């Protein structure tokens, strides 16, 4: 029997089977319904498009995003996203597969129950479990104590974890993530003179970001190299055939993580967030958090991020302090990977929430078996 692992994380959902080292399905967390009724005619009681097919038809559809900040907000839409992942992306009967699911930090109590009611009542799984995204990411690096920085599409989180437990008094949420960066890249490339302003143009910039942006080790130094050399300018072939060139924009976009002001945001950068998070913990565990900063997600996926963070936290931490940033190359799907390891561990078989338990105790059973 195979267990399913679904990371409903921010904008992109990662699903697949436990044991595998990669998800089989990744797709946007997007639901659209017809804008006008004339398009439902003769379409067999279908009413909805979910995921990729909803992005292709955004012209004929009104799109809704249920988990833009990692917290589910529309449960009617989230059921359709889950139907789509079980029946269409995975091509599986969820009643045959125990399902490990994933939740943001500081997820409100009501939401864990609702998730559990739907997973059991609507899809009729035999077992289920809920883990915190950042904790699984720690597990995928073989740790149970550290501080994870989880950053995907719409939300960034610094999560101190001690012995498998996310410390609720030090969790910090940053409302600056991948999609805030793709928009800045557009702005600054439009300021050079190449125009990116339509929804189809955003998607182009999202590719140039993922393929050509990196994190400078010293912002000021790299700017100098750019203005005094061409070594770093790179070229990109556009869909029309046009070749645009990318200069200092390649590193000025991910700089917004350490310098959020570039976007009109007065909050602090992902390095000071890490410090601040670590300072809301007992000094008696900080040594362990410093030595185990784990980077996680699609926004952590820029060349040179780990070297940079090491240098920034080294400048905020005490002098005598072993600082280690861990940022695997598979770091984009590190949550999902933690899920697959956990769900395929022998001892976790005893740790599922069973259909029997759900019928006996109701959706609140989630609070007693999933910390």
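Residue numbers count along the first chain shown, from 1.
Between 270-278 and 247-255, name whichever shows the higher mean Cα B factor according to the PDB entry.
Going by the record's values, the stretch with the higher mean is 247-255.
155-163 versus 232-240 - greater average Cα B-factor per the deposited record
Going by the record's values, the stretch with the higher mean is 232-240.
Among 313, 341, 326, 54, which carries the highest Cα B-factor?
Top of the list by C-alpha B-factor: 54.
From 306, 60, 345, 26, residue of greatest CA B-factor:
Spelled out: the listed residue with the top C-alpha B-factor is 60.
Would you check the entry's CA temperature factor for residue 81 and let me know if it's in the chain's lowest, middle or highest third?
Residue 81: CA B-factor falls in the middle third of its chain.
Considering every modelled residue of the chain and its Cα B-factor in the PDB entry, is residue 66 in the lowest, middle or highest third?
CA B-factor rank for residue 66: highest third.
Splitting the chain's C-alpha B-factors into thirds, which one does residue 211 fall into?
Its C-alpha B-factor belongs to the highest third of this chain's values.
Cα B factor band for residue 193 (lowest, middle or highest third within the chain)
Top third by C-alpha B-factor.
In terms of the CA temperature factor given in the entry, to which third of its chain does residue 175 belong: lowest, middle or highest?
Highest third.
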